[PDB]
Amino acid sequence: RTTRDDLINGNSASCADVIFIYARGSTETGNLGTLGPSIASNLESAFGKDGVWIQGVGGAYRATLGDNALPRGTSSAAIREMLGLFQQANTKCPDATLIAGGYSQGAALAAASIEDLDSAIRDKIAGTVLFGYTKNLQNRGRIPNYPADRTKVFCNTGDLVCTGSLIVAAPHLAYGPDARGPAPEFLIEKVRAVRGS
């Protein structure tokens, strides 16, 4: 449900073909929060339960609201945690195609992590989805050092965090439909683009 640790719990002798690493929003529960489970269910439908590993960013990532104000939009500890998961994926399952996502603070975390990542690992992330991207204006809708064609940003009209503010208005909490349809649709398309079908 809201907690998935498929990568950490997974057997390297039986690696999934696709590994999804997701960071939740501020104050959300488990390691997937409100949007992660919806995306996970659709990925499982497309690749099969054993074909995809769902991994939320837990550990040191406390999803503390105040951390949105820090330089990178999240804490250094959180960035270290997500980088560690990408590194664990690369080591445990070198042939797996990676995909990533994040919501709100988790989107800033995903962007910061991907920016700092070793290029050889970053290049294995076939697609990344960001909801209510807090650094949308600052980064011009991009993730530094990562291609635009592999990036999809969902920023609602009226969601102030997408326009350079840290105010939480109603549109910031309305990404449900995107997580149920277009976000997994994009991730599936990007994985099939490189893996075939």
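Sequential numbering from 1, following the sequence displayed.
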query	finding
Mean C-alpha temperature factor, higher of 149 to 157 and 136 to 144	136 to 144
Mean Cα B-factor comparison, 63 to 71 or 124 to 132, giving the higher one as deposited	63 to 71
Out of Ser26, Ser165, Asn31, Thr34, residue topping the C-alpha B-factor column of the entry	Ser165
Of the residues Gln87, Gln105, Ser113, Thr97, the one carrying the largest Cα B-factor as recorded	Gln87
Chain thirds of CA B-factor: placement of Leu83	middle
Ranked against its chain, the third holding the CA B-factor of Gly56	lowest
Within-chain third of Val191 by Cα B-factor, per the entry	lowest
Within-chain third of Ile21 by Cα B-factor, per the entry	lowest
Position of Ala174 among the chain's modelled residues by C-alpha B-factor, lowest, middle or highest third	middle
